[PDB]
file protein37.txt (compact mmCIF, C-alpha atoms and all ligand atoms)
# COMPACT_ATOMS: atom_id res chain seq x y z
CA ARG A 50 -108.40 104.49 110.36
CA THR A 51 -108.85 100.71 110.45
CA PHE A 52 -107.04 98.58 107.86
CA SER A 53 -108.31 95.04 107.29
CA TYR A 54 -106.90 92.28 105.09
CA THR A 55 -108.26 88.84 104.17
CA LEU A 56 -106.12 86.36 102.25
CA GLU A 57 -108.74 84.56 100.18
CA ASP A 58 -107.05 81.24 99.32
CA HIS A 59 -105.34 80.99 102.73
CA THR A 60 -107.53 78.06 103.78
CA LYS A 61 -106.67 76.40 100.46
CA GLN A 62 -102.92 76.81 101.03
CA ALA A 63 -103.04 76.05 104.76
CA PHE A 64 -104.80 72.76 104.04
CA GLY A 65 -102.17 72.12 101.37
CA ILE A 66 -99.38 71.70 103.93
CA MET A 67 -101.58 70.14 106.60
CA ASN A 68 -101.66 67.34 104.03
CA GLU A 69 -97.86 67.47 103.94
CA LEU A 70 -97.64 66.94 107.71
CA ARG A 71 -99.99 63.95 107.39
CA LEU A 72 -97.91 62.27 104.67
CA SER A 73 -94.63 63.15 106.40
CA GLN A 74 -96.22 61.83 109.64
CA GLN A 75 -95.64 64.94 111.76
CA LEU A 76 -97.82 66.38 114.54
CA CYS A 77 -100.09 63.33 114.30
CA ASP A 78 -102.12 62.49 117.41
CA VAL A 79 -104.38 59.68 116.13
CA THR A 80 -103.76 56.43 114.23
CA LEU A 81 -106.80 54.98 112.44
CA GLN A 82 -105.97 51.29 112.04
CA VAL A 83 -109.03 49.85 110.28
CA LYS A 84 -109.56 46.12 109.70
CA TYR A 85 -112.33 44.88 107.40
CA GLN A 86 -113.71 41.40 106.80
CA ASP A 87 -111.75 39.83 103.92
CA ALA A 88 -109.47 42.84 103.47
CA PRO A 89 -105.84 43.69 104.29
CA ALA A 90 -105.47 45.63 107.53
CA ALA A 91 -104.24 49.20 107.09
CA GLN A 92 -103.19 52.21 109.16
CA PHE A 93 -103.67 55.94 108.57
CA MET A 94 -102.10 58.56 110.83
CA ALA A 95 -103.92 61.89 110.83
CA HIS A 96 -104.67 64.89 113.05
CA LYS A 97 -107.65 64.84 115.41
CA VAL A 98 -108.57 68.51 114.96
CA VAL A 99 -108.48 68.37 111.16
CA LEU A 100 -110.63 65.23 110.99
CA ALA A 101 -112.98 66.83 113.53
CA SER A 102 -113.34 69.77 111.12
CA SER A 103 -114.71 67.48 108.38
CA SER A 104 -116.84 64.99 110.34
CA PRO A 105 -119.15 65.52 113.34
CA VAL A 106 -118.63 61.97 114.62
CA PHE A 107 -114.87 62.29 114.16
CA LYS A 108 -115.31 65.48 116.17
CA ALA A 109 -117.35 63.61 118.78
CA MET A 110 -114.92 60.68 119.00
CA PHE A 111 -112.05 62.99 119.96
CA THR A 112 -113.74 65.68 122.10
CA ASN A 113 -115.60 63.66 124.77
CA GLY A 114 -114.64 60.66 126.84
CA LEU A 115 -111.25 59.76 128.27
CA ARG A 116 -108.86 60.11 125.33
CA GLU A 117 -105.21 59.07 125.18
CA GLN A 118 -102.77 61.96 124.90
CA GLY A 119 -99.71 61.98 122.67
CA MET A 120 -101.20 59.66 120.06
CA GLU A 121 -104.33 57.52 120.35
CA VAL A 122 -104.68 54.28 118.39
CA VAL A 123 -108.31 53.90 117.28
CA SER A 124 -109.61 50.52 116.10
CA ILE A 125 -112.24 51.04 113.39
CA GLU A 126 -114.49 48.36 111.89
CA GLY A 127 -117.31 48.42 109.34
CA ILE A 128 -115.74 50.11 106.30
CA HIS A 129 -113.07 49.00 103.87
CA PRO A 130 -109.64 50.63 104.36
CA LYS A 131 -109.69 51.75 100.71
CA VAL A 132 -112.85 53.74 101.54
CA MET A 133 -111.49 55.37 104.69
CA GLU A 134 -108.50 56.52 102.62
CA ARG A 135 -110.91 58.27 100.24
CA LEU A 136 -112.56 60.02 103.19
CA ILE A 137 -109.36 61.08 104.95
CA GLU A 138 -107.95 62.50 101.71
CA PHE A 139 -111.15 64.49 101.18
CA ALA A 140 -110.73 65.89 104.69
CA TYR A 141 -107.21 67.05 103.74
CA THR A 142 -107.56 68.06 100.07
CA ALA A 143 -111.32 68.78 99.73
CA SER A 144 -111.50 66.40 96.76
CA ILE A 145 -112.21 62.73 96.11
CA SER A 146 -111.96 60.41 93.11
CA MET A 147 -112.59 56.71 92.49
CA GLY A 148 -114.10 54.31 89.96
CA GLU A 149 -117.79 53.83 89.20
CA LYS A 150 -117.81 50.47 91.05
CA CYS A 151 -117.05 51.98 94.48
CA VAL A 152 -119.13 55.18 94.73
CA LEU A 153 -121.75 53.16 96.61
CA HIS A 154 -119.35 51.95 99.31
CA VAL A 155 -117.78 55.41 99.66
CA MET A 156 -121.25 56.91 100.15
CA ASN A 157 -122.04 54.49 102.99
CA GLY A 158 -118.67 55.23 104.57
CA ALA A 159 -119.37 58.95 104.27
CA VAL A 160 -122.83 58.59 105.84
CA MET A 161 -121.38 56.88 108.93
CA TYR A 162 -118.96 59.79 109.42
CA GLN A 163 -121.62 62.34 108.36
CA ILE A 164 -119.42 63.91 105.68
CA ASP A 165 -122.59 65.23 104.06
CA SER A 166 -120.84 66.96 101.16
CA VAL A 167 -119.68 63.51 100.01
CA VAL A 168 -122.99 61.68 100.55
CA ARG A 169 -124.64 64.27 98.29
CA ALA A 170 -121.81 64.05 95.74
CA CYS A 171 -122.06 60.25 95.56
CA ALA A 172 -125.85 60.60 95.29
CA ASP A 173 -125.71 63.09 92.41
CA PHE A 174 -123.37 60.73 90.54
CA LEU A 175 -125.83 57.80 90.68
CA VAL A 176 -128.60 59.84 89.00
CA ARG B 50 -116.44 55.57 84.56
CA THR B 51 -114.45 57.83 86.91
CA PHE B 52 -116.17 59.87 89.61
CA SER B 53 -114.60 63.11 90.81
CA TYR B 54 -115.84 65.87 93.12
CA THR B 55 -114.36 69.00 94.71
CA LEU B 56 -116.13 70.96 97.44
CA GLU B 57 -114.97 74.56 97.06
CA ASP B 58 -116.29 75.97 100.36
CA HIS B 59 -114.76 73.04 102.30
CA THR B 60 -111.53 74.60 103.58
CA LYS B 61 -113.45 77.70 104.67
CA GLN B 62 -115.99 75.62 106.61
CA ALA B 63 -113.41 73.31 108.19
CA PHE B 64 -111.32 76.24 109.42
CA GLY B 65 -114.43 77.82 110.92
CA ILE B 66 -115.00 74.55 112.76
CA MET B 67 -111.49 74.19 114.16
CA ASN B 68 -111.73 77.88 115.05
CA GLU B 69 -114.69 76.96 117.26
CA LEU B 70 -112.48 74.24 118.77
CA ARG B 71 -109.70 76.69 119.68
CA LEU B 72 -112.24 79.05 121.29
CA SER B 73 -113.43 76.13 123.44
CA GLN B 74 -109.91 74.74 124.09
CA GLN B 75 -110.65 71.31 122.60
CA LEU B 76 -108.03 69.11 120.91
CA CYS B 77 -105.39 71.78 121.58
CA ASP B 78 -101.74 70.93 122.19
CA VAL B 79 -100.17 74.40 122.65
CA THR B 80 -100.29 77.05 125.37
CA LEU B 81 -98.63 80.19 123.99
CA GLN B 82 -97.50 82.28 126.96
CA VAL B 83 -96.88 85.83 125.71
CA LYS B 84 -94.35 87.64 127.92
CA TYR B 85 -93.76 91.19 126.67
CA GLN B 86 -92.15 94.26 128.26
CA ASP B 87 -94.28 95.01 131.34
CA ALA B 88 -97.49 94.01 129.57
CA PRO B 89 -100.32 91.98 131.16
CA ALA B 90 -99.26 88.42 130.37
CA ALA B 91 -101.88 86.62 128.29
CA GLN B 92 -102.13 82.99 127.19
CA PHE B 93 -103.40 81.52 123.92
CA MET B 94 -104.24 77.87 123.28
CA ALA B 95 -104.11 76.53 119.72
CA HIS B 96 -103.18 73.49 117.63
CA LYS B 97 -99.68 72.68 116.38
CA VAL B 98 -100.93 71.47 112.99
CA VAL B 99 -102.99 74.64 112.44
CA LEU B 100 -100.23 77.09 113.41
CA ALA B 101 -97.80 75.07 111.28
CA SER B 102 -100.27 75.37 108.38
CA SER B 103 -100.04 79.18 108.35
CA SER B 104 -96.56 80.00 109.70
CA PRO B 105 -93.22 78.53 108.55
CA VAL B 106 -91.66 79.52 111.89
CA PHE B 107 -94.41 77.77 113.86
CA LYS B 108 -93.91 74.76 111.58
CA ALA B 109 -90.19 74.58 112.36
CA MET B 110 -90.91 74.96 116.09
CA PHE B 111 -93.42 72.14 116.58
CA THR B 112 -91.68 69.67 114.23
CA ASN B 113 -88.49 68.89 116.13
CA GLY B 114 -87.37 66.85 119.14
CA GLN B 118 -95.06 65.25 122.12
CA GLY B 119 -98.39 65.58 123.90
CA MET B 120 -99.21 68.91 125.51
CA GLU B 121 -96.57 71.65 125.31
CA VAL B 122 -96.29 75.06 126.97
CA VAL B 123 -94.19 77.51 124.94
CA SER B 124 -93.04 80.91 126.19
CA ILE B 125 -93.27 83.70 123.60
CA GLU B 126 -91.38 86.97 124.03
CA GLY B 127 -90.62 89.87 121.73
CA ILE B 128 -94.26 90.03 120.58
CA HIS B 129 -97.28 91.75 122.09
CA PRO B 130 -100.29 89.72 123.28
CA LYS B 131 -102.70 91.70 121.09
CA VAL B 132 -100.59 91.40 117.93
CA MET B 133 -100.02 87.69 118.60
CA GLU B 134 -103.77 87.36 119.17
CA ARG B 135 -104.37 88.98 115.78
CA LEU B 136 -101.91 86.61 114.08
CA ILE B 137 -103.52 83.54 115.68
CA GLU B 138 -106.98 84.74 114.64
CA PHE B 139 -105.63 85.09 111.09
CA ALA B 140 -104.51 81.45 111.16
CA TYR B 141 -108.08 80.26 111.80
CA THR B 142 -110.08 82.95 109.95
CA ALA B 143 -107.71 84.11 107.15
CA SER B 144 -108.55 87.69 108.16
CA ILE B 145 -107.02 90.42 110.30
CA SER B 146 -108.05 93.93 111.35
CA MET B 147 -105.89 96.63 112.94
CA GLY B 148 -105.90 100.36 113.46
CA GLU B 149 -103.78 102.78 111.45
CA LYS B 150 -101.59 103.22 114.56
CA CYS B 151 -100.97 99.46 114.98
CA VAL B 152 -100.02 98.50 111.40
CA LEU B 153 -96.29 98.52 112.18
CA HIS B 154 -96.55 96.41 115.35
CA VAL B 155 -98.48 93.74 113.43
CA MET B 156 -96.17 93.80 110.40
CA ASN B 157 -93.30 93.23 112.84
CA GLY B 158 -95.23 90.41 114.51
CA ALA B 159 -96.08 88.84 111.15
CA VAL B 160 -92.49 89.20 109.89
CA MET B 161 -91.23 87.34 112.98
CA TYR B 162 -93.26 84.24 112.06
CA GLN B 163 -92.85 84.67 108.28
CA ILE B 164 -96.58 85.08 107.61
CA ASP B 165 -95.73 86.75 104.30
CA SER B 166 -99.33 87.38 103.20
CA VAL B 167 -99.87 89.58 106.25
CA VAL B 168 -96.41 91.15 105.82
CA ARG B 169 -96.96 92.08 102.17
CA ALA B 170 -100.40 93.49 103.02
CA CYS B 171 -99.16 95.69 105.86
CA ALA B 172 -96.11 96.77 103.85
CA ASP B 173 -98.44 97.79 101.01
CA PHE B 174 -100.43 99.84 103.53
CA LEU B 175 -97.38 101.88 104.56
CA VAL B 176 -96.45 102.80 100.98
CA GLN B 177 -99.89 104.39 100.57
CA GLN B 178 -99.13 107.19 103.05
CA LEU B 179 -95.58 107.54 101.68
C1 LIG C 1 -113.60 50.37 96.31
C2 LIG C 1 -112.18 50.90 96.09
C3 LIG C 1 -112.16 52.38 95.71
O1 LIG C 1 -113.05 53.09 96.03
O2 LIG C 1 -111.07 52.90 94.99
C4 LIG C 1 -111.04 54.30 94.92
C5 LIG C 1 -113.58 49.07 97.12
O3 LIG C 1 -112.89 48.99 98.08
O4 LIG C 1 -114.38 47.99 96.74
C6 LIG C 1 -115.18 47.48 97.77
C1 LIG C 2 -103.54 97.12 119.10
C2 LIG C 2 -102.58 97.45 117.96
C3 LIG C 2 -101.12 97.44 118.42
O1 LIG C 2 -100.40 98.34 118.13
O2 LIG C 2 -100.64 96.38 119.18
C4 LIG C 2 -99.39 95.89 118.76
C5 LIG C 2 -104.91 96.68 118.58
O3 LIG C 2 -105.36 97.18 117.60
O4 LIG C 2 -105.64 95.70 119.26
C6 LIG C 2 -106.80 95.28 118.58
call {"tool": "encode", "arguments": {"input": "protein37.txt", "output": "structure tokens"}}
result
Amino acid sequence: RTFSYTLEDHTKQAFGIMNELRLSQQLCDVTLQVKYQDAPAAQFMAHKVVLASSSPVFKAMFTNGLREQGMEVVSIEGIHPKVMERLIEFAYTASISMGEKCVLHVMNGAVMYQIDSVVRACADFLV
Amino acid sequence: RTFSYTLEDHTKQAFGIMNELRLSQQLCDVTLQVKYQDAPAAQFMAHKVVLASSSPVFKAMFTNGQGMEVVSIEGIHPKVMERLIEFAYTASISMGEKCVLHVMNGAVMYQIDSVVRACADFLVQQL
């Protein structure tokens, strides 16, 4: 015989504690310090492989070129730090929430990182 | 207003992506050297944050006292460790009726309860 088993919500629960390691700052190999014009500078430590799984350009930033081992500090410009936080959380919890006055900026931030499931969610909200 | 959105198929897609990354040895920080009793020694590369997301033992291992790490693994077979690692990235596992005990023992070593309870429920069928 051949017995097979598939835990359905495993990916839901596995992502649940990958978010714990991000908040507890464990196993992190990238630090996204993002500074925006007329905005307080911020820092978000995350995991390269889990951000690569949610964004093709996050995947491209970390897979090619000469990357720093251990932990790589990445300077990011162009998006507000309060928008990058919305994107990183979506990459860890598969959900995103905000007010009606920021869905435009979050859409532009999600287009740059090609998180297409968010650019279509922000588009369906504005219709 | 308040915008909210949850992509349901996200965690399934993201795991399929970082499964492609482990099959191409990108963004990996582990080399699991499996040394069993007179078995052909095999090696498996994976991510600390992914193995920690599916195994409490792997979480306690990688979160203690950086960079790339090579860990020796003994007491487990390469093919049952390979099946456990594939479960971490695919949430699925498949064995033969003659290998259900050697995988339940491998899963009980790393406290992957979902695989343990499934294999233990298989043995009570023929009992
Ligand atoms: C928007 C802030 C936000 O999205 O809160 C969830 C913003 O930064 O204004 C430009
Ligand atoms: C081998 C099953 C086994 O008993 O190894 C511990 C196997 O099915 O490989 C796919």
call {"tool": "interface_residues", "arguments": {"input": "protein37.txt", "of": "chain A", "to": "chain B", "cutoff": "8 Å", "atoms": "only C-alpha atoms", "output": "CSV table (one decimal) with C-alpha atoms, in the coordinates of the input"}}
result
chain,number,residue,atom,x,y,z
A,50,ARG,CA,-108.4,104.5,110.4
A,51,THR,CA,-108.8,100.7,110.4
A,52,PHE,CA,-107.0,98.6,107.9
A,53,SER,CA,-108.3,95.0,107.3
A,54,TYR,CA,-106.9,92.3,105.1
A,55,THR,CA,-108.3,88.8,104.2
A,56,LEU,CA,-106.1,86.4,102.2
A,57,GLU,CA,-108.7,84.6,100.2
A,59,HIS,CA,-105.3,81.0,102.7
A,60,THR,CA,-107.5,78.1,103.8
A,61,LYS,CA,-106.7,76.4,100.5
A,62,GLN,CA,-102.9,76.8,101.0
A,63,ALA,CA,-103.0,76.0,104.8
A,64,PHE,CA,-104.8,72.8,104.0
A,65,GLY,CA,-102.2,72.1,101.4
A,66,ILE,CA,-99.4,71.7,103.9
A,67,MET,CA,-101.6,70.1,106.6
A,70,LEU,CA,-97.6,66.9,107.7
A,75,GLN,CA,-95.6,64.9,111.8
A,76,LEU,CA,-97.8,66.4,114.5
A,96,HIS,CA,-104.7,64.9,113.0
A,97,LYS,CA,-107.6,64.8,115.4
A,98,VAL,CA,-108.6,68.5,115.0
A,99,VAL,CA,-108.5,68.4,111.2
A,101,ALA,CA,-113.0,66.8,113.5
A,102,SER,CA,-113.3,69.8,111.1
A,103,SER,CA,-114.7,67.5,108.4
A,111,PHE,CA,-112.0,63.0,120.0
A,112,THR,CA,-113.7,65.7,122.1
A,118,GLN,CA,-102.8,62.0,124.9
A,119,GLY,CA,-99.7,62.0,122.7
A,120,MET,CA,-101.2,59.7,120.1
A,143,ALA,CA,-111.3,68.8,99.7
A,144,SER,CA,-111.5,66.4,96.8
A,145,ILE,CA,-112.2,62.7,96.1
A,146,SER,CA,-112.0,60.4,93.1
A,147,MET,CA,-112.6,56.7,92.5
A,148,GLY,CA,-114.1,54.3,90.0
A,149,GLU,CA,-117.8,53.8,89.2
A,152,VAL,CA,-119.1,55.2,94.7
A,166,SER,CA,-120.8,67.0,101.2
A,170,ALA,CA,-121.8,64.0,95.7
A,174,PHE,CA,-123.4,60.7,90.5
call {"tool": "atom_distance", "arguments": {"input": "protein37.txt", "atom1": "atom CA of residue 93 of chain A", "atom2": "atom CA of residue 151 of chain A"}}
result
19.8 Å
call {"tool": "closest_residue", "arguments": {"input": "protein37.txt", "among": "A:69, A:173, A:133, A:142", "to": "residue 155 of chain A", "atoms": "all atoms listed in the file"}}
result
A:133
call {"tool": "residues_around", "arguments": {"input": "protein37.txt", "residues": "segment 162-165 of chain B", "least_positions_apart": "3", "cutoff": "6 Å", "atoms": "only C-alpha atoms", "output": "MDAnalysis selection string"}}
result
chainID B and resid 104 106 159 168:169
call {"tool": "closest_atom_pairs", "arguments": {"input": "protein37.txt", "of": "chain A", "to": "ligand LIG 1 (chain C)", "cutoff": "12 Å", "atoms": "all atoms listed in the file", "output": "Markdown table"}}
result
| residue | atom | partner | partner_atom | distance |
| --- | --- | --- | --- | --- |
| A:85 | CA | C:LIG1 | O3 | 10.2 |
| A:86 | CA | C:LIG1 | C6 | 11.0 |
| A:87 | CA | C:LIG1 | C6 | 10.4 |
| A:88 | CA | C:LIG1 | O3 | 8.9 |
| A:89 | CA | C:LIG1 | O3 | 10.8 |
| A:127 | CA | C:LIG1 | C6 | 11.8 |
| A:128 | CA | C:LIG1 | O3 | 8.8 |
| A:129 | CA | C:LIG1 | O3 | 5.8 |
| A:130 | CA | C:LIG1 | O3 | 7.3 |
| A:131 | CA | C:LIG1 | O3 | 5.0 |
| A:132 | CA | C:LIG1 | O1 | 5.6 |
| A:133 | CA | C:LIG1 | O1 | 9.1 |
| A:134 | CA | C:LIG1 | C4 | 8.4 |
| A:135 | CA | C:LIG1 | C4 | 6.6 |
| A:136 | CA | C:LIG1 | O1 | 10.0 |
| A:138 | CA | C:LIG1 | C4 | 11.1 |
| A:139 | CA | C:LIG1 | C4 | 12.0 |
| A:145 | CA | C:LIG1 | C4 | 8.6 |
| A:146 | CA | C:LIG1 | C4 | 6.4 |
| A:147 | CA | C:LIG1 | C4 | 3.8 |
| A:148 | CA | C:LIG1 | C4 | 5.8 |
| A:149 | CA | C:LIG1 | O1 | 8.3 |
| A:150 | CA | C:LIG1 | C1 | 6.7 |
| A:151 | CA | C:LIG1 | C1 | 4.2 |
| A:152 | CA | C:LIG1 | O1 | 6.6 |
| A:153 | CA | C:LIG1 | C1 | 8.6 |
| A:154 | CA | C:LIG1 | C6 | 6.3 |
| A:155 | CA | C:LIG1 | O1 | 6.4 |
| A:156 | CA | C:LIG1 | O1 | 9.9 |
| A:157 | CA | C:LIG1 | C6 | 11.1 |
| A:158 | CA | C:LIG1 | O1 | 10.4 |
| A:159 | CA | C:LIG1 | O1 | 11.9 |
| A:171 | CA | C:LIG1 | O1 | 11.5 |
call {"tool": "atom_distance", "arguments": {"input": "protein37.txt", "atom1": "atom CA of residue 140 of chain A", "atom2": "atom CA of residue 164 of chain A"}}
result
9.0 Å
call {"tool": "axis_aligned_box", "arguments": {"input": "protein37.txt", "around": "ligand LIG 2 (chain C)", "padding_each_side": "8 Å", "output": "AutoDock Vina command-line options"}}
result
--center_x -103.1 --center_y 96.8 --center_z 118.4 --size_x 23.4 --size_y 19.1 --size_z 17.7
call {"tool": "atom_distance", "arguments": {"input": "protein37.txt", "atom1": "atom CA of residue 158 of chain B", "atom2": "atom CA of residue 80 of chain B"}}
result
17.9 Å
call {"tool": "closest_residue", "arguments": {"input": "protein37.txt", "among": "A:110, A:72, A:83, A:123", "to": "residue 162 of chain A", "atoms": "all atoms listed in the file"}}
result
A:110
call {"tool": "decode", "arguments": {"input": "protein37.txt", "residues": "segment 60-75 of chain A", "atoms": "N, CA and C atoms", "output": "PDB file, in the first residue's frame"}}
result
ATOM      1  N   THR A  60       0.332  25.424   5.935  1.00  0.00           N
ATOM      2  CA  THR A  60       0.910  26.680   5.469  1.00  0.00           C
ATOM      3  C   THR A  60       0.346  27.870   6.232  1.00  0.00           C
ATOM      4  N   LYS A  61      -0.904  27.775   6.691  1.00  0.00           N
ATOM      5  CA  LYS A  61      -1.466  28.829   7.529  1.00  0.00           C
ATOM      6  C   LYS A  61      -0.776  28.879   8.886  1.00  0.00           C
ATOM      7  N   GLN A  62      -0.547  27.717   9.500  1.00  0.00           N
ATOM      8  CA  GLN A  62       0.066  27.679  10.823  1.00  0.00           C
ATOM      9  C   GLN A  62       1.570  27.915  10.753  1.00  0.00           C
ATOM     10  N   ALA A  63       2.224  27.425   9.696  1.00  0.00           N
ATOM     11  CA  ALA A  63       3.660  27.645   9.552  1.00  0.00           C
ATOM     12  C   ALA A  63       3.972  29.123   9.355  1.00  0.00           C
ATOM     13  N   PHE A  64       3.161  29.822   8.557  1.00  0.00           N
ATOM     14  CA  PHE A  64       3.305  31.269   8.440  1.00  0.00           C
ATOM     15  C   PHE A  64       2.965  31.985   9.740  1.00  0.00           C
ATOM     16  N   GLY A  65       2.172  31.356  10.610  1.00  0.00           N
ATOM     17  CA  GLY A  65       1.795  31.997  11.858  1.00  0.00           C
ATOM     18  C   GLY A  65       2.957  32.192  12.809  1.00  0.00           C
ATOM     19  N   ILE A  66       3.923  31.269  12.800  1.00  0.00           N
ATOM     20  CA  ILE A  66       5.091  31.388  13.668  1.00  0.00           C
ATOM     21  C   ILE A  66       6.325  31.888  12.928  1.00  0.00           C
ATOM     22  N   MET A  67       6.313  31.891  11.591  1.00  0.00           N
ATOM     23  CA  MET A  67       7.285  32.700  10.863  1.00  0.00           C
ATOM     24  C   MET A  67       7.098  34.177  11.173  1.00  0.00           C
ATOM     25  N   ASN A  68       5.857  34.591  11.440  1.00  0.00           N
ATOM     26  CA  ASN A  68       5.607  35.951  11.900  1.00  0.00           C
ATOM     27  C   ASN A  68       6.106  36.154  13.325  1.00  0.00           C
ATOM     28  N   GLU A  69       6.097  35.096  14.141  1.00  0.00           N
ATOM     29  CA  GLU A  69       6.633  35.200  15.494  1.00  0.00           C
ATOM     30  C   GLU A  69       8.140  35.424  15.473  1.00  0.00           C
ATOM     31  N   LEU A  70       8.850  34.714  14.593  1.00  0.00           N
ATOM     32  CA  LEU A  70      10.296  34.882  14.501  1.00  0.00           C
ATOM     33  C   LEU A  70      10.667  36.263  13.974  1.00  0.00           C
ATOM     34  N   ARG A  71       9.799  36.871  13.165  1.00  0.00           N
ATOM     35  CA  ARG A  71      10.056  38.224  12.683  1.00  0.00           C
ATOM     36  C   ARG A  71       9.900  39.241  13.806  1.00  0.00           C
ATOM     37  N   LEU A  72       8.816  39.132  14.580  1.00  0.00           N
ATOM     38  CA  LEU A  72       8.602  40.059  15.687  1.00  0.00           C
ATOM     39  C   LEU A  72       9.631  39.846  16.789  1.00  0.00           C
ATOM     40  N   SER A  73       9.926  38.587  17.120  1.00  0.00           N
ATOM     41  CA  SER A  73      10.955  38.294  18.110  1.00  0.00           C
ATOM     42  C   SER A  73      12.362  38.529  17.580  1.00  0.00           C
ATOM     43  N   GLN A  74      12.504  38.853  16.292  1.00  0.00           N
ATOM     44  CA  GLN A  74      13.793  39.149  15.671  1.00  0.00           C
ATOM     45  C   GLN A  74      14.753  37.964  15.804  1.00  0.00           C
ATOM     46  N   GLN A  75      14.335  36.836  15.236  1.00  0.00           N
ATOM     47  CA  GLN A  75      15.129  35.617  15.228  1.00  0.00           C
ATOM     48  C   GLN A  75      15.217  35.087  13.806  1.00  0.00           C
TER      49      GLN A  75
END
